[PDB]
Amino acid sequence: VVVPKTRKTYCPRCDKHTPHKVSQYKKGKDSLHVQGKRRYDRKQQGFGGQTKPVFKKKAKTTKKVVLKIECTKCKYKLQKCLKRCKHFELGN
RNA sequence: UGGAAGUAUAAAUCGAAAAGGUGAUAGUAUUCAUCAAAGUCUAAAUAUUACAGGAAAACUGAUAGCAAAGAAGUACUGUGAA
RNA sequence: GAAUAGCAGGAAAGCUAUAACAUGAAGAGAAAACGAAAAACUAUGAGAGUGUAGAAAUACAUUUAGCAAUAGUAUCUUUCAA
RNA sequence: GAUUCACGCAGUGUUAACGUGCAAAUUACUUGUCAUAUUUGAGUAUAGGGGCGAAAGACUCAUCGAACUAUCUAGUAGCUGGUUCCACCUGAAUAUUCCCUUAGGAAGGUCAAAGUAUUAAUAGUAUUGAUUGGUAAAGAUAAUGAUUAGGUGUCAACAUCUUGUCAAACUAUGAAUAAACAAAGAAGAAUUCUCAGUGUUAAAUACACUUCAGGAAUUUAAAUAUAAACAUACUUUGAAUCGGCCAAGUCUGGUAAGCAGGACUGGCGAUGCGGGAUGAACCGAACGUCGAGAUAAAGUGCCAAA
RNA sequence: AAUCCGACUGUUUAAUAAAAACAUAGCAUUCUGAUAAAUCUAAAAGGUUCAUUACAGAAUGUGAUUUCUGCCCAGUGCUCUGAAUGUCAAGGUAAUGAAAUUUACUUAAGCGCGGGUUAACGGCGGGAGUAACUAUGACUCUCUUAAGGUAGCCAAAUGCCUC
RNA sequence: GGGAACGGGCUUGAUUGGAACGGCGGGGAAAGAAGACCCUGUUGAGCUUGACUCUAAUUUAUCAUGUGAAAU
RNA sequence: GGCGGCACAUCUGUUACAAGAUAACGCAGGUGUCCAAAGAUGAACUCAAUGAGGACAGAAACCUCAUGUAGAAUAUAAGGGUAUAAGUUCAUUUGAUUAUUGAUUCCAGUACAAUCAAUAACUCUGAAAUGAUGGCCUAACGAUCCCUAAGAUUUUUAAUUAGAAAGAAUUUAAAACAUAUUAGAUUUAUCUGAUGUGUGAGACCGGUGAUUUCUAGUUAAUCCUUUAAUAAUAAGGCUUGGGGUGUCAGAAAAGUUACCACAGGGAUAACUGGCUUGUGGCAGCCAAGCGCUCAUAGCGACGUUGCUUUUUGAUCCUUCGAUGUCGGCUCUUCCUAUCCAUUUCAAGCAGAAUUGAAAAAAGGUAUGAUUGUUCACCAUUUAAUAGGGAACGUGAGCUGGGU
RNA sequence: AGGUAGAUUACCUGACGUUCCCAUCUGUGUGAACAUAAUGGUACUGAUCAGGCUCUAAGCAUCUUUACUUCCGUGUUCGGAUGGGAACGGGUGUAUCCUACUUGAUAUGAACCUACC
RNA sequence: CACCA
RNA sequence: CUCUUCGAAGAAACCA
């Protein structure tokens, strides 16, 4: 919900408790050269229409929040998942 | 297509060479290996339920075995394919 | 009786072929890279004797053996993980 | 593109005949119509997601909301029907989990057949001992709620002492029936001596685990009842089945139901026999072929043995 | 003697419906200058209307005559002689990199915006006041989306209640 | 009467002489037809539509090198 | 069946039967969230309410004493738990973290998810013992494939120095041409023959030693693969999160058929029959009253007990390889809960006309306008113009008006 | 006898009063520093002037409560079993198990380690 | 607010 | 999900 930045948590690389910078994880841009997309492009060529299922029955109204707790002095990132919340804000 | 950043064919466009192709993960570089496309022919080993001529059978024995053991694709039906 | 090559006999049958390979002898890992002993231990257990007695068969005591199986262990190979 | 009759034609009515017919659409009377948007012969043109239609999804060789014919083709069916000799032995199911699952499947239970092990590997039972539960009951100024009245104190009110009646979603208390242990398996006990490795520990000779670490002597087969060696423990492979129905000194919905759905058991299904006249379930009792005898439920005026 | 439907002559479900159904003349709408419109074909110096030429060809609705066709362009259609940088493709250009690649800029129609159109598909309701006793509302106002059922006609082959 | 709750067969009764002719339409839950109403099936077909996925026709842009100028 | 609802994933009490399991479209409710504090810890305090007091101030404002077992609060539904707390206030903090095991709950003893017990790090709070791997407990949620993020420095190797200890290394037929040198030609991005050499070579004589190992440094490279060798991009691996399937063990999906078709079904509706009888119809018991007086001539409220299957329901037992489904016409028979005629009793029965009741079902119980109607409502006639059953009698008896 | 620590967690609680303090405990005095809050009331620290007034501890009462015992009462209910009776509803007999509320009688704590008296 | 029959 | 305007609209997009 309202979680702050500047967490002081354990860093596996340094084996110590160091200050961390907390942000939110956003899904990166889809690449056009990965195997799954390359395979999909070949399949969609030619006649046949839509060759793969298209999801059209969503039910979830929220998504799980994943923080990116990044070590300040060693750049070691940790991915921590939170419970489902409708409104999430990065505090002070 | 098993060939997966394209294995093969074809169409639209493009289009080489003081040669070059391939080493199946796309890219550039340097080595290595192995071949040298875009013309032609070529016996032998292989297939065969057309058809013809033979020989065999733990095959059937006239409601069986071919649809047909007699003038059987005959008699008979349909405008006709059948 | 892998194709296949020979033998007598004339044979869809029979016999002979130091043989490619198939399954197995070693297992784990996605892969690179690897690749098994403390010549094992503990428990219960199959069998064999000897003596005494009832007295017919058979029952008690003692010495020895420790297979199969089940469980638990030390050790060893591989894996991030047994 | 007036009114009518006739040769012809059609098909309004009888909802007549006929309806295994004269006929896979016909007959009789009645009616309408009977030349210019008329009737009709032959030739010719239009073909199956096509044609043709003054339009009915009508017609396209008795075939039309997509002709006929042959091939793919023995199309697919969780659905329906059938599935072929005898005797003997054993003998079921309707729970649970998942499925685009609900007329069907897979894991699992019941069951059969094969193959084993001397076997810390018997119990749908009772007793004794220590427990667990919150049902039936009971209670109601005992907690939570419901509810009738009467005294006393400062109309009512509020206190306080009685009184009558209550709860599936109230409870102090709390059975009967039940649930899970123990009644001597590191292998049938116990004691004495000796005793090590780790660790706990302030340190240990305490304590914990180590086959009641280990080793050796002495004593020893005892420790509720009952039953159990064709006992007990299974292992592997697999079939069928998961539409169920009935009874009740049981319950929930419903006015109730041969209604709907459950807890425990016994049955029917899969089951004949004796009795209830007859009856899937009730009562007695479960079946190799027979002879004789006592019996069961229930009967003994006749049918009908007594 | 009247009522309903169809104007009339005509056609129709071969074999249960001959009619109020179809057709019809009349009315009206749309597109097209012929190298066109419609439209058959896989293609085609291919084919039909077309031996044709707007008094024509092609595509539709209503259904003789008389009388009348009310209001609405908001939505969906169709159209425009409209605005440019709202959104829109492969491509084209440029930058980086060793190269693939990556990034940026620019591009048509279409939709969106604006206007026209109902004999185009269609729609024609609410709320608040108000007339000298009685209700109503000729007349104001006020949104939802645009308009608020006009001339007529009726328990109708169209009205549940309803005999 | 009970039974699958409407028997020709079973139980208990009523009652019965064998073969039949012309009629008739109560019964044989009479015949004709693997219900056509209803439901089920992960069975179809005709038709409709901004249901999903597509496609012919239509349309728009780029490519496919005629010369000779001129501007952008 | 549809429309409605979700009993489809899921939690609380009760049904539910004092172990476990446990039904219905049973009952009363709940979930798809919320929280940097409402997580962790330490300290202090005690809540609701009542009595008595205190200016405004009143029943509800704030203060004080006394009693005060929680009658308050604890995010939420309900049920559990809680008083030097789990509630209220203050203070510090991020354990709401990393890695590895073994179990328990659903369970097929699968996954997901949840609940725990330990070990190794690094931390928070407290003086300390302890406590902390989210919320006091029971719900608060998610596969394969695909996409998208985070992680794989600890260590293991090669090279060159310094030191040290162990090591003959296999054995006669040769082409690639890097080159040097000439010969024949050419001007071009110039080539074409042949002769030497090394390369490329390998047969050591107890000792040299090629070669491997060890130590200490130093330089480099380091998670695996892209299969002839490397390199920087790119791609694929391995582990763990997120993007979701609510039909919640997880297809990608609009209607209508009255023109319809097939496989089936009494597993299942529309008609009889069968159980029931709420509803309909009919009949009783009691006696508050009405009936000028008078409960009972005739009625009987408030309660209450029955019968029928002539209405409609409720159910789904028989029939889906078919039991012809409304009404009328024609015809026979049956029931009595009697409308008339016959015989009786009673009256608030003077006569007449009526009303209540008993025996009795052998005989009778009509004609028409409207409607397909059953039903109804009218106009008459009659001694009366009663109510019903027979597969809602009766379609190889008719009709076809309705459906 | 008292105080510290407890284990059983009402026979230990609650109300009305009563008895000592000789030690101990408590209440009692003060605010300088540690420390404390709005308040030296709490908590903290320094002390010993006085007091059994409260606490605490011991005892009383036809005391509420609580804990054992009988009785309630083999009454409620219950497991097994009829061709037992009843139209239903419900209720026997047989071989068995057996509460609760209430009322009456009793009790109102037992016990462990250390120090001091 | 009542669909099929 | 992108772009664009004033938590509402417009165009375009769509393999868990």
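As a reminder, the structure under discussion sits directly above these lines.
Residues numbered from 1 in each chain as written, not as in the entry; some residues may be left out. Chains lettered and ligands numbered in written order. Part of a larger assembly, values for the part shown. Heavy atoms only, no water.

**A short note on the pattern of salt bridges**
In step 1: Inspection of the entire model under this criterion finds two salt bridges.
In step 2: Two residues, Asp30 and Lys27, come together in a salt bridge whose shortest N-O distance is 3.8 Å.
In step 3: A salt bridge links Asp41 to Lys37; the shortest N-O distance between them is 2.8 Å. Of this pair, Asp41 and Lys37 both sit in helix α1 (residues 35-44), separated by four residues, roughly a single helical turn. (Salt bridge = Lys/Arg side-chain N within 4 Å of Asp/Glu carboxyl O. Helix = DSSP H or I, 4+ residues; strand = E, 2+ residues; numbered from the N terminus.)

**Structural notes on the pairing of strand β4 (residues 64-71)**
In step 1: Pairing geometry for strand β3 (residues 16-24) and β4, over five bridges, is antiparallel. Following the sheet pairing, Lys21 is matched in β4 by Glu70.
In step 2: Here β4 runs beside strand β5 (residues 77-84); their pairing, made up of six bridges, is antiparallel. When the sheet's bridge partners are listed, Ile69 is paired in β5 with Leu78.
In step 3: Counting the residues in the hairpin turn of β4 and β5 gives five residues, including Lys75, whose phi is positive at 60°. (Pairing = 2+ DSSP bridges.)

**Some remarks on the sheet that holds β5**
In step 1: Strand order in this open sheet of four strands is β2-β3-β4-β5, and the pairing throughout is antiparallel. Among the strands making up the open sheet, the edge pair consists of β2 (7-11) and β5. Neighbour to neighbour, the strand axes of the sheet diverge by 45° on average, direction disregarded. (Axes fitted to C-alpha atoms, helices over the stretch in contact; angles between N-to-C directions.)

**Topic: the side chain of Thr62**
In step 1: Relative to the helices and strands, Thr62 resides in the loop between α1 and β4.
In step 2: Using a relative accessible area of 17% as the deciding quantity, one classes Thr62 as buried.
In step 3: A polar contact of 2.8 Å, which involves the side chain of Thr62, links it to the side chain of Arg84.
In step 4: Excluding residues that lie within four positions of it along the chain, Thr62 makes contacts with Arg84, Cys85 and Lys86. (Buried < 20%, exposed > 50% of the residue type's maximum accessible area, 1.4 Å probe, protein only. Polar contact = N/O pair within 3.5 Å; in protein donor to acceptor, adjacent residues only side chain to side chain. Contact = heavy atoms within 4.5 Å.)

**Describing unusual backbone geometry**
In step 1: Even without a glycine there, the phi angle at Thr6 is positive, about 60°.
In step 2: One can find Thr6 in the loop between β1 (2-3) and β2.
In step 3: You can call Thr6 exposed: its relative accessible area is 64%.

**Description of the state of the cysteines**
In step 1: The final tally for this structure, using the stated rule, is one disulfide.
In step 2: With no disulfide of its own, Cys14 has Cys74 as its nearest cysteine by sulfur position, at a separation of 3.5 Å.
In step 3: Residue classification places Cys14 among the partly exposed positions, given a relative accessible area of 27%. (Disulfide = S-S within 2.5 Å.)

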